[PDB]
Amino acid sequence: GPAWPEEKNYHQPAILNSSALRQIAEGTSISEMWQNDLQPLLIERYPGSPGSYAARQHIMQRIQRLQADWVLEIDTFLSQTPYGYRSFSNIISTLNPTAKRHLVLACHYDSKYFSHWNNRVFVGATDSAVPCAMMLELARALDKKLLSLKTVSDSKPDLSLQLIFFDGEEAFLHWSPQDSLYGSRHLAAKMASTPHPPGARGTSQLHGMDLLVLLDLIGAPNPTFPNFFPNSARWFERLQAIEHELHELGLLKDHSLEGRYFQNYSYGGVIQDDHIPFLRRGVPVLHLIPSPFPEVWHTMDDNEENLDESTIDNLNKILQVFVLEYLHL
Ligand SMILES: [Zn+2]
Ligand SMILES: [Zn+2]
Ligand SMILES: [Zn+2]
Ligand SMILES: [Zn+2]
Ligand SMILES: [Zn+2]
C-alpha cells in the first residue's frame, strides 16, 4: 500500500539458530576472498585511471559469475573537480530491481589519488578494497540463499538486496564541499528523483531503501564501530547480538567480548562519508566505519601487509548473518 515506505519501521529480523549460525560461519572463506576478490583490487584505482576500469571490470565479473539474478548497472556521470571536468562511474548490483524495498550494502571502490613516493603507490587496502571484497564474498557465500529471491510465477519478493560501489568518494586534492563524495552525491540525487517501483506516482527509489549499510576503513585490528543514529540503533543492537552469539558459539577467531567491535557507545559528531547524501534525505544508515580511524589512514602503509585477516573474517560472518536475518533467508 502507500504505507509501504513505512514497512521498514516495523520490519523485524528472522533470527538464525545455532545450527544455522555454524553453517553460515563455515560457508564463508577468508582465504578464497583474499585471493579471488581482494587481491585484484589492491591496485591504484583513482577515478578515471586504468586501475579504476580494471577494478570495475573485476567487481562486475565476480558478480556476473554468481547464480543469483544480479542486475548490474553502471552509473556514469561528469563532475567538476580541482583538475577540471572528469567522468565517474558508480557500480550498482541489484536483486529484484522492481521490488519496492531493498536492504543496501555499500562502499567506495576508488582509491585516493596521490603522487607516487619512492616506488610506493596508495592502494587503500582498508579504504576500501577490503569492504569491496567483503561485499563480493557475501554475494558468493550467500549465493544459493539469494537465488531463492528470484522472481518466478510462484513468488515475487517485497524486500530484496542491493550493492552499491561508489566512485569518487575521496577528494582529488583537498577535502572540501566541492571535492568529495562525487559518486554518492550524484547517485543519491538520482535515486531521490526516480519513481519507484516503476509507474509510481509519488514514491522514489530513495523511499525504498530500507537501510543503507556503509562499510568504510575496515581491515585494521581492533576496530570499534559506534552506534551513530537513533533510527538504526535497533539494527546496531542486532549486530551486537550476532557478534555475541557467534563469539559464544566459538565461531569467531582471535576475538574477545572485552575488545568487541560493537560496543555500547554512541557518537554525536558527524563523520563525512558516502552516507551523508542519503542520510540528509532521510534514509536510515548503519555506518560501519571505525572510530578512531585506523592509524594507517591515508598513508602508503594502508596496504595488504597491515590488514588483520581474522578481524575481516569475523566481520564477514557477522555481516552475512545480519543480511540473512534481515532478508528472512
Ligand atoms: Zn548518473
Ligand atoms: Zn599514480
Ligand atoms: Zn579514505
Ligand atoms: Zn556471553
Ligand atoms: Zn586465533
Side-chain angles (χ1 to χ4, degrees), residues 41-56 71-83 85-94 97 106-132 134 162 164-176 179-196 204-206 214-220 223 270-278 281 287-303 306-307:
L41 284 167
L42 289 176
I43 60 170
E44 191 176 13
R45 58 194 188 284
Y46 61 82
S49 66
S52 176
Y53 176 82
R56 191 161 57 251
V71 177
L72 280 164
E73 299 201 323
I74 302 302
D75 167 34
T76 295
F77 64 94
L78 201 75
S79 173
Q80 171 67 305
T81 80
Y83 297 110
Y85 297 176
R86 295 182 69 92
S87 179
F88 301 77
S89 288
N90 294 317
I91 308 167
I92 306 131
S93 184
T94 311
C107 72
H108 77 95
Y109 78 95
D110 60 311
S111 61
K112 186 168 178 60
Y113 173 74
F114 286 109
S115 308
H116 305 180
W117 193 86
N118 174 64
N119 290 274
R120 298 192 76 189
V121 174
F122 180 79
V123 305
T126 74
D127 186 3
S128 283
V130 158
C132 290
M134 292 173 69
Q162 182 172 63
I164 298 176
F165 309 78
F166 298 110
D167 200 2
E169 188 275 335
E170 304 278 16
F172 260 106
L173 178 58
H174 261 40
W175 187 259
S176 76
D179 185 19
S180 55
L181 307 183
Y182 293 95
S184 48
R185 287 175 204 268
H186 172 82
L187 183 54
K190 177 198 210 96
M191 298 179 74
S193 62
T194 299
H196 191 72
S204 80
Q205 293 176 333
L206 197 128
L214 176 65
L215 293 62
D216 194 4
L217 311 187
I218 293 177
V270 173
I271 296 193
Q272 299 172 322
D273 201 347
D274 282 321
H275 68 297
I276 289 289
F278 296 89
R281 294 165 166 99
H287 194 185
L288 300 190
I289 188 174
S291 184
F293 293 176
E295 72 177 4
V296 297
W297 175 75
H298 288 180
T299 73
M300 297 301 179
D301 294 316
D302 184 4
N303 57 24
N306 293 319
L307 297 173

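Count residues from 1 along the sequence. Whatever order the structure lists them in is the order used to number ligands and atoms, beginning at 1.
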Item to complete: Give a yes or no on whether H298 keeps an N, O or S atom under 2.8 Å from the Zn ion (ligand 3).
Response: yes
Within 6.0 angstrom of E73 CD, more than 12 heavy atoms from elsewhere: no
*In terms of heavy-atom contacts, does CG of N119 have more than 12 from other residues, nucleotides or ligands at under 6.0 Å?*
no
Kindly confirm whether the Zn ion (ligand 1) is within less than 2.8 Å of some N/O/S atom in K190? yes
CG (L42) and CG (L307) are apart, to the nearest 0.5 Å, by 7.0 Å
task = Indicate yes or no for a side-chain donor-acceptor contact from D179 to the backbone of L173 under 3.5 Å, with no hydrogens or angles considered.
result = yes
Restricting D127 to its N/O/S atoms, the closest one to the Zn ion (ligand 3) is OD2
Closest to the Zn ion (ligand 3), among the N/O/S atoms of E170, is atom OE2
message: Checking side-chain polar atoms at under 3.5 Å, does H108 have a donor or acceptor matched by the opposite partner on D110?
response: yes
For the Zn ion (ligand 1), the nearest N/O/S atom on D75 is atom OD1
**Asked** Has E169 got an N/O/S atom less than 2.8 Å from the Zn ion (ligand 3)?
**Response** no
May I ask you to say whether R120 pairs ionically with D301, meaning some side-chain N is under 4.0 Å from a carboxylate O? yes
So the angle subtended at the Zn ion (ligand 2) by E44 atom OE2 and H116 atom NE2, rounded to 10 degrees, is 100°
